[PDB]
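What follows is a short report on a single structure.
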Amino acid sequence: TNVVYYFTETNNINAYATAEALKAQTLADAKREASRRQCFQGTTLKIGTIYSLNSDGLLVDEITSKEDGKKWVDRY
């Protein structure tokens, strides 16, 4: 399948990690899948596209993020 969205689960919004591919094809599905793939309490979720990644595969330019217990906040 083709990959549109990626996510990371980090300890806070200023920490970076290698992007993991999502199966979702829309943003609303990506948010639901990313919340369901979150392992831990208290972590931060970021979602981005292929253009959100640097050359090392790190998710640095997320299009939306979600602090634990809060709603998704889009960049714009």
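Using the deposited numbering, the first residue of the sequence shown is number 2, and each one after it goes up by one.
C-beta: ideal position from N, C-alpha, C; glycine also.
- Look at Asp30 here: in three-state DSSP terms it is helix.
- The C-alpha of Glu68 lies about 27 Å from the C-alpha of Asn3.
- Between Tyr17 and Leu59, the gap from beta carbon to beta carbon is short of 8 Å.
- When the alpha-carbon of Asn15 is set against those of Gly70, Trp73, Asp57 and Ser66, the nearest one is in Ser66.
- Leaving aside the five residues that flank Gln39 on each side, the residues in its chain whose CB is nearer than 7 Å to its CB run, in chain order, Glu10 and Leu46.
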